[PDB]
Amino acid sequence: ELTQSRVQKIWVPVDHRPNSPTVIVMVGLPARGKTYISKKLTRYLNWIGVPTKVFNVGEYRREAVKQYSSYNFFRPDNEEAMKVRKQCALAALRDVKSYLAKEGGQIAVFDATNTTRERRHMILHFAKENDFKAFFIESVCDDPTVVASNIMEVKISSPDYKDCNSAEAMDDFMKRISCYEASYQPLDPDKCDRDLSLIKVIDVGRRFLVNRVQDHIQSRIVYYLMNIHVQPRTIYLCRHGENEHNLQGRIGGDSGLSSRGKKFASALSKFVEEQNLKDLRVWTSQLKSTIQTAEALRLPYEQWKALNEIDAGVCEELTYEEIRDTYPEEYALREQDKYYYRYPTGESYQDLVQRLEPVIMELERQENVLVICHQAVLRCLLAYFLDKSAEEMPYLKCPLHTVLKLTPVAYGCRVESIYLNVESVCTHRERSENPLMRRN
């Protein structure tokens, strides 16, 4: 007969009491970007609501072996270490099983060189017997400058190399790489790996070989992998300059900038100029206050409906007081479950994620971008860049008049905050703190 759920506003059938998880398998020599792709891809998947976890076999190794000493550990003749490495893989797999079949996880990224047919064949056997789909991602790169640079960026400052300097860490890791070169069997989609679902990423994403995509979530991953790059650049995020409803503690609406909001706009101009960016895309919402802010910059800017602020449904243009008083039950429900709560005839943070994915996907393709937007929206994008969970995302602090400047480092993003020194109200609201439903 159907009832409308109170938080999400989803119609469900009144309950009057009387698909397959995926193991993603990274493949390739060390320092080929496997961990980087693993973390980044996991970041994306979790943010769009597909629960995903990285199993880095190296971290299992570091847990079972106290202190690393040298590449001798990795030699093919090292029978004891081969026993430990195998056991490390199997222990990681056990966890994958646990995570896909008992913990709610949907994708497990199995992050190891997985460079032999023998190793892949085993992983397949394990997928098969657990009823997991398997998908392979191989990074192929024999440009020595790339390999070298990669080693400098992430390898030499690993815990393996703690009591150790650059030149010898670098030298050791080059020998660890040679250990794997002898029996490395790349994916052969053309005959032997004919039936595997895989993508082979070649020359830092200059080229792809894609073979048998088998489902919604695989085709997404491929799309994503083909749009990210590693060129250096900067993402700036901030809100529209202070607006008039800000001044009255009113949510939503389409009000213009306060005189302070305008002073922020000029400062943002000054800030942009001093950053000395050769090019810079500017994006705004379609709400006036982000566009007026962009106008202060005298640069081409592009408006996106998707960046419009969360839609507060029938609460548009009310104060939170007015909300508490007219809709106390709604007000309380939003406080209980702020990520999933949807306003009546309006949206939840969950909805924002879904409209923002194409913004994120274009952010990934671009180089320098300034995105001028709104509180909830900004939280949602920041959660993606800083890997914040659904549960922390509605509460991230995203004040007015402040640029978040995001630069890629190692495996994620450095955030620097830069306030442009123009006052405004503060619209941040922290989380909020029953005897008579019990006998005592």
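The first residue of the sequence shown is number 1, and the count goes up from there.
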Unmodelled deposited residues flanked by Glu433 on one side and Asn434 on the other = 4 to 9
May I ask you to compare 295-303 and 324-332 by their mean CA B factor in the entry and name the higher one?
-> 324-332
Mean Cα B-factor comparison, 46-54 or 406-414, giving the higher one as deposited | 406-414
Of the residues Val204, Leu363, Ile137, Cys315, the one carrying the largest Cα B-factor as recorded = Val204
Based on what the PDB entry reports, which of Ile235, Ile107, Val359, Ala127 has the top C-alpha B-factor?
-> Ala127
Compared with the other modelled residues in the chain, in which third is the CA B-factor of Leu386?
-> lowest
Consider only the C-alpha atoms of the modelled residues in this chain, order them by B-factor as the entry records it, and name the third containing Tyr349: lowest, middle or highest.
-> lowest
Third of the chain, ranked by Cα B-factor, where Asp279 sits = highest
What third of the chain, by the recorded C-alpha B-factor, contains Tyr161?
-> highest
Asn211: which third of its chain by C-alpha temperature factor?
-> highest
